[PDB]
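Enquirer: What follows is a single structure, and I will ask about it in a moment.
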Amino acid sequence: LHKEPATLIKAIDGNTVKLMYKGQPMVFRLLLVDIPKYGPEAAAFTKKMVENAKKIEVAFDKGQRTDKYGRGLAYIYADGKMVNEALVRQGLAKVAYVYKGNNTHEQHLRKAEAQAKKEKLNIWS
């Protein structure tokens with residue numbers, strides 16, 4: 001998948017952020033990440049990862065690129081590290097059902113989730 005540059009504009013929550021993409025603002029929903037008392041923790045985690053980053057990148061998958069609410073559906077990277085995966089591995093989010101063919105990192109995410117589950121981390125306490 002192609003990683004494209006972006007600039008953080010504003011953190012919203014665990015799996016949602018506003019970014020400057022291709023010369024304009026756009027809300028992005030992190031692909032394959034679902035947020036089920038960890039809502040604030042997830043929000044804080046993502047916020048910190050993207051604000052302290054010296055580089056943000058977005059990578060669209062092979063399926064539909066935006067949901068019905070107009071948000072871009074992608075894998076977000078902070079300093080080369082995928083936020084989507086970090087959240088799941090930290091047990092702050094579960095892996096969501098694949099949406100419109102966007103499943104490139106599903107397996108990689110299910111593994112991270114399994115490990116988080118094995119570790120009884122946060123949501124898996």
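By convention in this document, the chains of the structure tokens carry letters A, B, ... by their order, each chain's residues are numbered from 1, and ligands are numbered from 1 in the order they are shown.
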So which residues of chain A fall under strand (DSSP E or B) by DSSP, listed as number ranges by chain?

Expert: A: 3-13, 16-20, 25-30, 33-34, 56-60, 66, 72-78, 81-82, 94-95, 99, 102

Enquirer: Would you pick out the contacts of residue A:30 at 9 Å or less, using only C-alpha atoms, so that residues sharing its chain but fewer than 5 positions from it are not included, and give the list as a PyMOL selection string?

Expert: chain A and resi 14-17+72-76+83-84

Enquirer: Please produce a file of the residues just selected, as an mmCIF file, in the first residue's frame, where the atoms kept are C-alpha atoms.

Expert:
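Final output, saved to selection-v3.cif:
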```cif
data_model
loop_
_atom_site.group_PDB
_atom_site.id
_atom_site.type_symbol
_atom_site.label_atom_id
_atom_site.label_comp_id
_atom_site.auth_asym_id
_atom_site.auth_seq_id
_atom_site.Cartn_x
_atom_site.Cartn_y
_atom_site.Cartn_z
ATOM 1 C CA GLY A 14 -9.297 6.628 19.696
ATOM 2 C CA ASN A 15 -9.963 5.807 16.044
ATOM 3 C CA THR A 16 -10.720 9.220 14.520
ATOM 4 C CA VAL A 17 -8.463 12.155 13.659
ATOM 5 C CA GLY A 72 -11.322 8.704 4.874
ATOM 6 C CA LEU A 73 -10.727 5.038 5.710
ATOM 7 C CA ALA A 74 -7.027 4.323 6.118
ATOM 8 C CA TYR A 75 -4.100 3.040 8.135
ATOM 9 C CA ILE A 76 -2.514 5.999 9.915
ATOM 10 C CA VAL A 83 -1.503 3.726 14.942
ATOM 11 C CA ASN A 84 -4.230 1.200 14.066
#
```

Enquirer: Hey, which of A:44, A:86, A:12, A:49 ends up closest to residue A:111? Count only C-alpha atoms.

Expert: A:86

Enquirer: Compile a residue-level contact table for stretch 10-67 of chain A against stretch 88-106 of chain A at a cut-off of 6 Å, reporting for every qualifying residue the shortest atom pair and its distance in Å to one decimal, with only C-alpha atoms counted, rows ordered by chain and ascending number, as JSON lines.

Expert:
```
{"residue": "A:32", "atom": "CA", "partner": "A:96", "partner_atom": "CA", "distance": 4.7}
{"residue": "A:33", "atom": "CA", "partner": "A:95", "partner_atom": "CA", "distance": 5.1}
{"residue": "A:34", "atom": "CA", "partner": "A:94", "partner_atom": "CA", "distance": 5.2}
{"residue": "A:35", "atom": "CA", "partner": "A:93", "partner_atom": "CA", "distance": 5.1}
{"residue": "A:42", "atom": "CA", "partner": "A:92", "partner_atom": "CA", "distance": 5.4}
{"residue": "A:61", "atom": "CA", "partner": "A:102", "partner_atom": "CA", "distance": 5.4}
{"residue": "A:62", "atom": "CA", "partner": "A:102", "partner_atom": "CA", "distance": 5.8}
{"residue": "A:63", "atom": "CA", "partner": "A:101", "partner_atom": "CA", "distance": 4.4}
{"residue": "A:64", "atom": "CA", "partner": "A:100", "partner_atom": "CA", "distance": 5.9}
```

Enquirer: Could the residues in this selection be written to a file with C-alpha atoms, as a PDB file, in the first residue's frame?

Expert:
```
ATOM      1  CA  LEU A  32     -10.263  -2.115  11.128  1.00  0.00           C
ATOM      2  CA  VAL A  33     -10.301  -0.526  14.596  1.00  0.00           C
ATOM      3  CA  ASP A  34     -13.349  -0.583  16.888  1.00  0.00           C
ATOM      4  CA  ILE A  35     -13.689   1.273  20.197  1.00  0.00           C
ATOM      5  CA  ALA A  42      -7.942   5.014  23.641  1.00  0.00           C
ATOM      6  CA  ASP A  61      -6.482   0.235   1.414  1.00  0.00           C
ATOM      7  CA  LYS A  62      -7.744  -1.517  -1.728  1.00  0.00           C
ATOM      8  CA  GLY A  63     -11.423  -1.108  -0.910  1.00  0.00           C
ATOM      9  CA  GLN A  64     -13.706   1.919  -0.655  1.00  0.00           C
TER      10      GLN A  64
END
```

Enquirer: So how many Å separate atom CA of residue A:28 and atom CA of residue A:5, to one decimal?

Expert: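 Distance between the two atoms: 13.5 Å.
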
Enquirer: Choose the residue, out of A:26, A:119, A:2, A:19, that has the smallest atom-to-atom separation from residue A:69; count only C-alpha atoms.

Expert: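 Answer, going by the shortest atom-to-atom distance: A:26.
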
Enquirer: Enumerate as a VMD selection string all residues of chain A assigned to helix (DSSP H, G or I) by DSSP on the backbone, naming them with the chain letters and numbers the document uses.

Expert: chain A and resid 39 to 51 83 to 89 106 to 118 122 to 124

Enquirer: Using the selection just defined, write its residues with N, CA, C and O atoms as a CSV table (one decimal), in the first residue's frame.

Expert:
```
chain,number,residue,atom,x,y,z
A,39,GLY,N,-12.7,4.2,26.6
A,39,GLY,CA,-12.9,5.2,25.5
A,39,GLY,C,-11.9,6.3,25.7
A,39,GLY,O,-11.2,6.7,24.7
A,40,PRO,N,-11.8,6.9,26.9
A,40,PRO,CA,-10.8,8.0,27.1
A,40,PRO,C,-9.4,7.6,27.0
A,40,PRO,O,-8.5,8.3,26.5
A,41,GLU,N,-9.1,6.4,27.4
A,41,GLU,CA,-7.7,5.8,27.3
A,41,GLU,C,-7.3,5.7,25.9
A,41,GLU,O,-6.2,6.0,25.5
A,42,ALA,N,-8.2,5.2,25.1
A,42,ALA,CA,-7.9,5.0,23.6
A,42,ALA,C,-7.7,6.4,23.0
A,42,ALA,O,-6.8,6.6,22.2
A,43,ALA,N,-8.6,7.3,23.3
A,43,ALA,CA,-8.5,8.7,22.8
A,43,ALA,C,-7.2,9.3,23.2
A,43,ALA,O,-6.5,9.8,22.3
A,44,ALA,N,-6.8,9.2,24.4
A,44,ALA,CA,-5.5,9.7,24.9
A,44,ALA,C,-4.3,9.1,24.2
A,44,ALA,O,-3.4,9.8,23.9
A,45,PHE,N,-4.4,7.8,24.0
A,45,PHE,CA,-3.3,7.1,23.4
A,45,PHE,C,-3.1,7.6,21.9
A,45,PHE,O,-1.9,7.9,21.6
A,46,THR,N,-4.1,7.6,21.1
A,46,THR,CA,-4.0,8.1,19.8
A,46,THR,C,-3.6,9.5,19.7
A,46,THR,O,-2.7,9.9,18.8
A,47,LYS,N,-4.2,10.3,20.5
A,47,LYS,CA,-3.9,11.8,20.5
A,47,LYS,C,-2.4,12.0,20.8
A,47,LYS,O,-1.7,12.7,20.1
A,48,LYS,N,-1.8,11.3,21.8
A,48,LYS,CA,-0.4,11.4,22.1
A,48,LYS,C,0.5,10.9,21.0
A,48,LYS,O,1.5,11.5,20.7
A,49,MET,N,0.1,9.8,20.3
A,49,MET,CA,0.9,9.2,19.3
A,49,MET,C,1.0,10.2,18.1
A,49,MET,O,2.1,10.3,17.5
A,50,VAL,N,-0.1,10.8,17.7
A,50,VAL,CA,-0.1,11.7,16.5
A,50,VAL,C,0.4,13.1,16.8
A,50,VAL,O,0.9,13.7,15.9
A,51,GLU,N,0.3,13.6,18.0
A,51,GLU,CA,0.8,14.9,18.3
A,51,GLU,C,2.3,15.0,18.5
A,51,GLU,O,2.9,16.0,18.1
A,83,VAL,N,-0.7,3.5,13.8
A,83,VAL,CA,-1.5,3.7,14.9
A,83,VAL,C,-2.6,2.6,15.1
A,83,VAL,O,-2.8,2.2,16.2
A,84,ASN,N,-3.2,2.2,14.0
A,84,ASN,CA,-4.2,1.2,14.1
A,84,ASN,C,-3.8,0.0,14.9
A,84,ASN,O,-4.4,-0.5,15.8
A,85,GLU,N,-2.6,-0.5,14.5
A,85,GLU,CA,-2.0,-1.7,15.1
A,85,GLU,C,-1.6,-1.4,16.6
A,85,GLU,O,-1.8,-2.3,17.5
A,86,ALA,N,-1.0,-0.3,16.8
A,86,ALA,CA,-0.6,0.1,18.2
A,86,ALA,C,-1.7,0.0,19.2
A,86,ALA,O,-1.6,-0.5,20.3
A,87,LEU,N,-2.9,0.6,18.8
A,87,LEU,CA,-4.0,0.6,19.6
A,87,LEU,C,-4.5,-0.8,20.0
A,87,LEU,O,-4.7,-1.2,21.1
A,88,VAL,N,-4.6,-1.7,18.9
A,88,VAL,CA,-5.0,-3.1,19.1
A,88,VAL,C,-4.0,-3.8,20.0
A,88,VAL,O,-4.4,-4.5,21.0
A,89,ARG,N,-2.7,-3.7,19.7
A,89,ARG,CA,-1.7,-4.4,20.5
A,89,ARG,C,-1.7,-4.0,21.9
A,89,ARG,O,-1.4,-4.8,22.8
A,106,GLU,N,-5.8,-6.9,8.1
A,106,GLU,CA,-6.7,-7.6,9.0
A,106,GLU,C,-6.0,-8.7,9.8
A,106,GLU,O,-6.1,-8.8,11.0
A,107,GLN,N,-5.2,-9.6,9.1
A,107,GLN,CA,-4.5,-10.6,9.8
A,107,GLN,C,-3.5,-10.1,10.7
A,107,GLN,O,-3.3,-10.6,11.8
A,108,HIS,N,-2.7,-9.1,10.3
A,108,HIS,CA,-1.7,-8.5,11.1
A,108,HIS,C,-2.3,-8.0,12.4
A,108,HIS,O,-1.8,-8.1,13.5
A,109,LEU,N,-3.5,-7.4,12.2
A,109,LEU,CA,-4.2,-6.8,13.4
A,109,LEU,C,-4.8,-7.9,14.3
A,109,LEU,O,-4.7,-7.7,15.5
A,110,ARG,N,-5.3,-8.9,13.7
A,110,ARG,CA,-5.9,-10.0,14.6
A,110,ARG,C,-4.8,-10.6,15.4
A,110,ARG,O,-5.0,-11.0,16.6
A,111,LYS,N,-3.5,-10.7,14.9
A,111,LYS,CA,-2.4,-11.3,15.7
A,111,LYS,C,-2.1,-10.3,16.9
A,111,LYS,O,-2.0,-10.8,18.0
A,112,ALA,N,-2.0,-9.0,16.6
A,112,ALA,CA,-1.7,-8.1,17.7
A,112,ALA,C,-2.8,-8.2,18.7
A,112,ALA,O,-2.5,-8.2,19.9
A,113,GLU,N,-4.1,-8.2,18.3
A,113,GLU,CA,-5.2,-8.4,19.2
A,113,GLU,C,-5.1,-9.6,20.0
A,113,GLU,O,-5.4,-9.6,21.2
A,114,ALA,N,-4.7,-10.7,19.4
A,114,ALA,CA,-4.6,-12.0,20.1
A,114,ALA,C,-3.6,-11.9,21.2
A,114,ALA,O,-3.8,-12.3,22.4
A,115,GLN,N,-2.4,-11.3,20.9
A,115,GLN,CA,-1.4,-11.1,21.9
A,115,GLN,C,-1.9,-10.2,23.1
A,115,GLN,O,-1.7,-10.5,24.2
A,116,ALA,N,-2.6,-9.1,22.7
A,116,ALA,CA,-3.1,-8.2,23.8
A,116,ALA,C,-4.1,-9.0,24.6
A,116,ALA,O,-4.1,-8.9,25.9
A,117,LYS,N,-4.9,-9.9,24.0
A,117,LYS,CA,-5.8,-10.7,24.7
A,117,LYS,C,-5.1,-11.7,25.6
A,117,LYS,O,-5.5,-11.9,26.8
A,118,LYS,N,-4.0,-12.3,25.1
A,118,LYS,CA,-3.2,-13.2,25.9
A,118,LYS,C,-2.7,-12.5,27.1
A,118,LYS,O,-2.5,-13.1,28.2
A,122,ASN,N,-5.7,-4.1,29.3
A,122,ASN,CA,-6.8,-3.2,29.3
A,122,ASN,C,-8.2,-3.8,29.0
A,122,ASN,O,-8.8,-4.4,29.9
A,123,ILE,N,-8.8,-3.5,27.8
A,123,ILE,CA,-10.1,-4.0,27.5
A,123,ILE,C,-10.2,-5.5,27.7
A,123,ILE,O,-11.3,-6.1,27.9
A,124,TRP,N,-9.0,-6.2,27.7
A,124,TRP,CA,-9.0,-7.7,27.9
A,124,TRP,C,-8.7,-8.1,29.3
A,124,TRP,O,-8.3,-9.2,29.6
```

Enquirer: State, in Å with one decimal place, the distance from atom CA of residue A:59 to atom CA of residue A:71.

Expert: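 Going from atom CA of residue A:59 over to atom CA of residue A:71 covers 13.6 Å.
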